[PDB]
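Following: one structure in C-alpha cells, then a few remarks.
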Amino acid sequence: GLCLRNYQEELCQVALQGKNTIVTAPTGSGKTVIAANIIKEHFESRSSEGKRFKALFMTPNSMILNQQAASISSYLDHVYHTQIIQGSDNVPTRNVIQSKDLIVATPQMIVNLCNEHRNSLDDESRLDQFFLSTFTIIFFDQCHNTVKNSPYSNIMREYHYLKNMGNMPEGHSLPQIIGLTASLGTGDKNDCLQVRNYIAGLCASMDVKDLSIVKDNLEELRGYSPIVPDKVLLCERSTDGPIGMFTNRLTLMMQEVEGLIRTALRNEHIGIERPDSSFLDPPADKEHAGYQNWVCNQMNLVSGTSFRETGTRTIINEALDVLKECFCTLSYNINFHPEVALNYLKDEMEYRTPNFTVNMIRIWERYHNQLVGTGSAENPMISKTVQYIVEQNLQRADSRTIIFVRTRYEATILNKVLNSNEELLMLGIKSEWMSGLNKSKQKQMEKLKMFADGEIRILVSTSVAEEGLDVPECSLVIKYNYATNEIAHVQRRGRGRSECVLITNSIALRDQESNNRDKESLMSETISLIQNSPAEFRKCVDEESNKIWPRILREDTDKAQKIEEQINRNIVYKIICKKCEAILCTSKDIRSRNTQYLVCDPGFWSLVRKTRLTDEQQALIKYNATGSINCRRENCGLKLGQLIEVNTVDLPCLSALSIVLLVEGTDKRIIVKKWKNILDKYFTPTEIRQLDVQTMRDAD
RNA sequence: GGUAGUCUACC
RNA sequence: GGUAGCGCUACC
RNA sequence: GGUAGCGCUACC
Ligand SMILES: Nc1ncnc2c1ncn2[C@@H]1O[C@H](COP(=O)(O)OP(=O)(O)O)[C@@H](O)[C@H]1O
Ligand SMILES: [Zn+2]
C-alpha cells in the first residue's frame with residue numbers, strides 16, 4: 001500500500017515519462033518511496049505491454065542496504081523478486097541476479113559485473129559480456145557521488161560505451177537513469193553561472209537533461225522537513241601561562257631533535273636549503289599543519305636516500321618519528337589541555353625508550369619533568385560543551401547528545417574526559433565513543449541501543465554518523481572543532497529533525513563554516529536560475545554532453561600510449577623488501593588480477609612465510625583473501641602482502657608500502673605509496689594467465 | 001605553478 | 001591487500 | 001591547474 005504525498009507525486013512526473021532525471025529533495029523526504037513508486041509503474045506498464053523489465057537500485061553504503069531493499073520491496077507485489085548483492089556475498093553476482101526483478105547493490109558490484117568479462121586466465125575461461133542495459137532502469141542513490149573516478153562514474157562510463165559504440169545486444173536499449181540526492185553541490189564554484197555549468201556536467205555524465213524539483217508543493221515540503229538553525233560559537237584559545245609554557249618548552253625540545261637530524265646530515269656532507277625531494281629547514285611554527293607536511297615528506301626521503309656512514313638512517317628515522325608524536329601532542333593541546341597532551345606524549349615516549357639511541361634518551365629525561373608544568377585550567381571548549389549538556393538535561397531528562405570530532409583518537413580522549421567530569425558523574429550522564437567500521441559491528445550496534453534506551457546519553461563520534469547509520473533523533477548536535485564540505489553541511493545539520501552548534505576556537509574554522517552556508521544559498525540561487533531559464537540550462541547540458549565521448553576516448557588513448565611508452569623504455573625494476581632490502585623479484589614477474597598485483601616468480605615462495613586465515617574469518621572479510629605472507633629473513637618478518645585465491649590456488653600479492661624499487665643497473669631507490677602510482681610512472685603488469693597460476697601452484 | 005585581463009610606476 | 005571520495009595543509 | 005603529506009569515511 002502506497003500513500004504517496006503530493007510533493008512526492010510531483011517528483012515522479014519526469015521519471016514516469018520514462019526520461020532520465022535527478023530527483024533533488026531533502027534527506028528524510030522519502031526518496032526511496034518515490035523510487036519504489038517509479039519501480040512499480042515501470043514494472044507494471046512494461047509487464048502488461050510485454051516488454052522486458054529489470055530494476056537496479058544502488059547506494060554507496062552497504063549498511064542501509066537491507067533497510068532500503070525491504071522498504072522498496074514492501075511497496076511491490078510479491079510476484080516481483082528482490083535480491084541484495086554486496087561484497088559480503090560469496091556466490092558470483094552473475095548467477096544471483098539471473099531471475100530477479102529488483103537488484104539492490106553497492107555500485108562496485110556492478111562495476112565488477114560489467115568489467116568481469118574483459119580479463120580471463122585463458123580463452124576457455126572467458127565469460128559472456130554482461131551488458132549494463134540488462135537493467136531497464138537504474139537508480140543512483142546519493143548520486144552527487146558521481147564524480148571523477150568513483151564507482152558511479154565508472155558505471156556511467158559503461159553506459160557511454162554502449163551509447164556510442166552500438167554494441168548493445170538484440171532487443172536491448174539504454175537504461176533509464178534516475179538520480180536521488182539532497183544536493184548536487186557547488187563544485188566550490190563562486191557564482192551561479194559556474195555552478196550551473198558544474199551541475200550541467202554532472203547531468204551530462206549521467207545523461208540527464210531534466211531535473212526533478214518540487215515547485216508547487218513547497219509549503220507541504222516545509223512541514224515535512226523543517227529548517228534547522230545552525231549557530232556558531234567561537235571560544236577563547238588560551239596561550240597564557242602554563243599552556244604557553246608547555247607549548248614553548250615542547251617547541252624547544254623539537255628544535256633539539258631537529259638538531260640531531262642536522263648533525264647527522266652534516267656527517268654525510270648533505271647540504272640543507274619541496275620537502276619530498278630536497279632536505280629543507282623545518283618551519284618555525286611547530287603546530288602549523290605545514291609542519292607535518294615537512295616531517296612526513298622528509299621521512300620518505302630518509303628511506304629513499306642512500307646514506308654512506310653507519311647509523312645515519314637510524315638516528316634520523318628515530319628523530320622524525322619523535323617529531324611526529326610531538327606535532328600530534330601539540331595538536332591534542334589545542335583541543336584539550338597540556339595534561340592530556342603530555343599523557344599521550346609520555347606513553348608514546350616510554351614505549352620507545354628501550355630502543356632509543358644515546359642522544360635521544362638524554363633529551364627526554366631533560367624535558368619529561370620540565371614539560372609537566374604543574375597543571376592548567378579546563379579547556380574553554382570542554383566547559384562550554386558541558387554547559388550545553390547541563391542546559392538541555394535540566395529542560396529534558398530524556399536528553400540525547402551527539403558530539404562530532406575529527407579524529408578517532410580525539411573521540412577516545414573527549415569520551416574519557418566527559419565520563420570523568422564531576423558535574424556529569426553527579427548528574428547521571430555517561431558517554432561512549434563511536435568511529436568507523438573500516439580499518440566489531442555488533443559491539444557498535446550495542447552502543448546504538450544503549451544510546452536509544454538512555455543508558456548512555458552522550459555519543460562522541462567521528463564522521464561515520466553523518467550518513468547511513470540509523471542514529472536516534474538527538475536533542476543536541478555539537479560539532480567539536482570540526483567541519484568539512486558543503487554537502488555534509490547540508491547533511492550534518494540534516495540529522496537534526498533540535499539545535500546543531502559548532503564549538504570552535506579557530507577563526508579559520510568559523511570562516512569555513514560561513515563559506516559553506518554561502519554555498520548553500522548559492523545552490524538555491526542556481527536552482528532557481530535553472531528552473532526559470534530552462535532553455536539556457538539545456539544548452540549547458542548539451543555543451544557538456546558533447547565533451548564526454550571524446551574525453552573518454554582521449555583517456556583510453558592516454559592509458560594505451562602510456563603502456564606503449566613504458567614498453568619502449570623497457571626498464572626493469574628490482575623489487576626489494578623495504579625493511580631488509582632482500583631482492584624479492586623483478587617487475588617482469590608481476591601479474592595483475594582484479595586490481596591485485598601478484599608475484600609469479602616460482603622462487604618467491606621460498607622467501608616468505610604463509611599464514612592462513614580460518615574460514616570463520618574469511619566469511620567476515622568482504623574481499624578475496626586467504627592469508628598473509630611475511631619476509632622470511634631473520635629479524636625482518638615484515639608483512640609483504642596477502643594471499644588471494646585464484647581458481648582454487650593461493651597466490652601472493654605484494655603490498656605497495658612493503659616494497660622499494662631499484663632500476664636494474666643502479667642503486668636508485670624509488671619509494672611508492674600505491675600501486676596505481678607504479679602503473680602510472682614505472683611499469684604496468686600484464687594480466688595473469690593460466691600458465692602463471694599453475695607455475696605457482698606447483699612451486700608451492 | 002601556467003594563461004588571459006586590468007591597473008600603477010618608469011625609458 | 002586493493003580502490004574511491006571528502007577536508008585541511010605543503011610545494012610548483 | 002598540476003605535484004605531494006596528514007586526517008576521516010566508505011567500497012571490493
Ligand atoms: N509518503 C510516505 N508514506 C509513508 N512513509 C513515508 C512517506 N514518506 C517518507 N516516509 C518515511 O520516511 C522515512 C525516511 O524516508 P527515506 O526514503 O529514507 O528518505 P530519504 O531516502 O529521502 O532520506 C522512511 O522510514 C519512510 O518510510
Ligand atoms: Zn625483509
Side-chain angles (χ1 to χ4, degrees), chain A residues 58-65 85-89 93 105-113 115 142 144-154 185 188 274-278 280 283 285 288-301 324 327-328 331 404-411 435-439 461-469 482-489 491 506 508-509 512 516 592-598 613 621-629 639-644 651-658 671 673-677 679-681:
Chain A
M58 294 177 296
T59 195
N61 185 294
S62 74
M63 297 177 69
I64 65 165
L65 225 51
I85 64 176
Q86 56 174 312
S88 74
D89 295 351
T93 302
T106 51
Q108 189 66 37
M109 302 297 297
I110 307 301
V111 170
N112 296 332
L113 178 60
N115 185 70
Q142 311 296 323
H144 57 280
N145 293 305
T146 310
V147 300
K148 295 180 181 175
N149 194 15
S150 63
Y152 279 172
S153 293
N154 278 284
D188 191 54
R274 32 195 289 151
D276 55 358
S277 63
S278 305
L280 301 175
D285 188 358
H288 187 48
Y291 185 83
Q292 190 161 63
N293 297 81
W294 170 82
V295 184
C296 296
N297 281 294
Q298 288 280 296
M299 198 166 180
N300 290 340
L301 280 171
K324 288 182 185 177
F327 173 83
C328 298
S331 173
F404 289 104
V405 295
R406 188 179 117 249
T407 70
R408 292 180 152 178
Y409 199 83
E410 276 161 22
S435 68
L437 289 157
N438 285 278
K439 300 173 179 177
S461 169
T462 59
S463 70
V464 65
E466 295 185 6
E467 292 180 351
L469 287 176
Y482 173 47
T484 57
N485 67 347
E486 86 271 2
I487 296 178
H489 174 90
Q491 302 184 7
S506 166
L509 224 156
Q512 187 178 314
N516 290 342
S592 56
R593 192 250 180 193
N594 301 132
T595 191
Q596 288 278 6
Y597 305 87
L598 318 170
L613 293 164
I621 296 172
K622 303 182 176 180
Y623 68 98
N624 185 319
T626 57
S628 302
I629 58 169
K639 188 192 175 183
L640 292 172
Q642 291 183 174
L643 298 166
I644 84 175
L651 292 168
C653 71
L654 289 182
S655 168
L657 297 171
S658 297
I671 282 172
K673 180 178 183 177
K674 285 165 187 172
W675 269 103
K676 79 162 307 194
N677 305 129
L679 308 206
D680 178 69
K681 291 167 175 176

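Proteins come first, then strands; the chains are lettered A, B, ... in the order of their sequence lines, and each starts at number 1.
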### Message
Once you apply a heavy-atom cut-off of 4.0 Å, does A:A488 come out as touching a base, just sugar-phosphate, or nothing?
### Response
nothing
### Message
Suppose we screen for side-chain hydrogen bond (donor to acceptor under 3.5 Å, both in side chains). Which residues come up paired with A:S435, at least two apart in sequence or across chains?
### Response
none
### Query
Among C:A4, C:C6, D:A4, which is the nearest nucleotide to the side chain of A:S150?
C:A4
### Task
Check whether any side-chain nitrogen or oxygen of A:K324 sits under 4.0 Å from OP1 or OP2 of D:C6, and answer yes or no.
no
#### Entry: Results of ring pair (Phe, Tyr, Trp, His ring centres under 6.0 Å) for A:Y409 - residues two or more places apart only
A:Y332, A:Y344
### Task
Please state the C1' separation for the pair C:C6 and B:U6 - nearest whole angstrom.
36 Å
### Task
List in chain and number order the residues that pass ring pair (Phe, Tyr, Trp, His ring centres under 6.0 Å) with A:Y482, two or more places apart in sequence or in another chain; answer none if no residue qualifies.
none
### Task
Assign A:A508 to base, sugar-phosphate, or nothing according to its heavy-atom contacts below 4.0 angstrom with the strands shown.
nothing
### Task
Pick base, sugar-phosphate or nothing for A:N594, based on heavy-atom distances below 4.0 Å to the nucleic acid.
nothing
### Query
Of all the choices, D:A4, C:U3, D:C6, which nucleotide is nearest to the side chain of A:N293 once you look at every atom?
D:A4
### Message
Does either side chain, that of A:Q642 or that of A:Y623, offer a donor lying less than 3.5 Å from an acceptor on the other one?
### Response
yes
### Query
Closer than 4.0 Å, any side-chain N/O of A:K674 to the OP1 or OP2 of C:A4?
no
### Query
Heavy atoms under 4.0 Å, any strand shown: does A:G641 hit a base, just sugar-phosphate, or nothing?
nothing
### Query
Taking only residues two or more places apart in sequence or in another chain, which ones pass ring pair (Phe, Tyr, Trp, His ring centres under 6.0 Å) with A:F404?
none
### Query
Would you say a side-chain N or O of A:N149 is under 4.0 Å from OP1 or OP2 of C:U3?
no
### Donor-acceptor side-chain pairing of A:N149 and A:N154 below 3.5 angstrom
yes
### Task
Please list, chain by chain and in numerical order, all residues satisfying side-chain hydrogen bond (donor to acceptor under 3.5 Å, both in side chains) with A:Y597, sequence neighbours excluded.
none
### Message
Using whole Å, what does the distance between atom P of nucleotide C:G2 and atom CG of A:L657 come to?
### Response
6 Å
### Task
Pick the P atom in C:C11 and in B:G1, then give their distance to the nearest Å.
10 Å
### Message
Say we look at B:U3 and C:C12: how far apart would their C1' atoms be, to the nearest angstrom?
### Response
16 Å
### Message
Could you check whether the side chain of A:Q596 and the base of C:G2 have a donor-acceptor pair of N or O atoms closer than 3.5 Å, going by distance alone?
### Response
no
### Message
At 4.0 Å (heavy atoms only), tell me whether A:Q512 reaches a base, stays on the sugar-phosphate, or touches nothing.
### Response
sugar-phosphate
### Query
Would you say a side-chain N or O of A:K639 is under 4.0 Å from OP1 or OP2 of C:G1?
yes
### Query
Just by protein heavy atoms under 4.0 Å, how would nucleotides 7-12 of chain D read 5' to 3' in B, S and -?
SSSBBB
